[PDB]
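Just one chain is shown here, as C-alpha cells, and it is the form deposited in one PDB entry.
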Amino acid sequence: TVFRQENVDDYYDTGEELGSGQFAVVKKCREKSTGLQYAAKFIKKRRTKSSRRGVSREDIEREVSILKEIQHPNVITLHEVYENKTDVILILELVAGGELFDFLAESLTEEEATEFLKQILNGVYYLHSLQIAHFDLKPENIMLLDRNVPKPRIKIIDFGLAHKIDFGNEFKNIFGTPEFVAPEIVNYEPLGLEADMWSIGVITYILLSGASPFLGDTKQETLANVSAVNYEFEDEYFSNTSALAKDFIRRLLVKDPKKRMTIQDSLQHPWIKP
C-alpha cells in the first residue's frame, strides 16, 4: 500500500520530541488546517532489500494495517500516513502524559494498580477480540493522557511487533524485551494472544511491588529465568499485598500458554471483577 507523498511539512508543524527508538522518532505536531495536535512517528525505511538498518516495508505495512483497524479509548489510533524516500510518517493520536513506567518511578496500592490494570485489560480485550496480539506490552508502552489526575487515563501504544493471529498462532520470531516476553517467545515457539497475557502478569507484579519478577544481571539470565518460570513473591515487597492479587499474577505467569488465563478470564477474576 502506498501512502501520501506530499511533504508532511506542508500540512503539519512539529514541536517537542516525545519518544525515540532504534529506527523511529516521535514528534509532537499540529495540523495546519485544524489546529489539532498529534504525534508524528518518523520511521526510517530500509534502503536495500538485504540491509538490517531501517524497517522493512513489510513490517511498516503490518503496523499501519493493524493501527487502521483500531478505535478504542484505551488504544492509540492512527490519523494519517505520509511517506517519502527516507521515512514513513505516521500521524498518530497525541498522548502527552508520559509513560506508565515514568509514572511508576515517581509502588502502587492495589486500588491504584487495578485502576490502571482495568484500562489495560479493556484495551487488550478489544485487541484480542480482533485477534490482534500486541507482543510488546510493558510499562514503557502504556502512556497516560494526563499524569496530573487521581486516576489517569491510559492508551496502549507501539504496534511495531503487533500481529494478526488468523489461526490462533503465528510462528515468526517476534522478540521484544526479555523482562516482559513470555516463555514461548524465549523458546521460539508458535505464538498467540496468550503471550500478551503473560506480559500483563509481569506488568501487574511490577505495579504492586516496584520489582521485576524475572530480571537478571544480563539479558541471557533474564531469558533463562523467564523460560524456567523463575520468580517468587518476595515478602519484603508483597507482605501487605492481598493473596487474591498474588493469585491473579500466579494464573498469568504460567509456562503452558493453554493453562494461562485468557483476557476474558482476567476480567472475570475475583481481584478484577466488581
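Numbers follow the displayed sequence, beginning with 1. For clarity, a rigid core is taken as the largest C-alpha set superposing within 1.5 Å between two forms.
Another form, the form deposited in another entry, is not on view; read the next lines as being about it.
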Core superposition between this form and the one not shown, C-alpha change of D265 at least 2 Å: no
Threshold 2 Å Cα movement between this form and the one not shown for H79, core superposed: no
Rigid core fit then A96 CA moved by 2 Å or more between this form and the one not shown: no
In that other deposited form, shift in Cα separation for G168 relative to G123, 3 Å or more: farther
Closer or farther: C-alpha pair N173/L78 in that other deposited form, relative to this form, given a change of 3 Å or more: closer
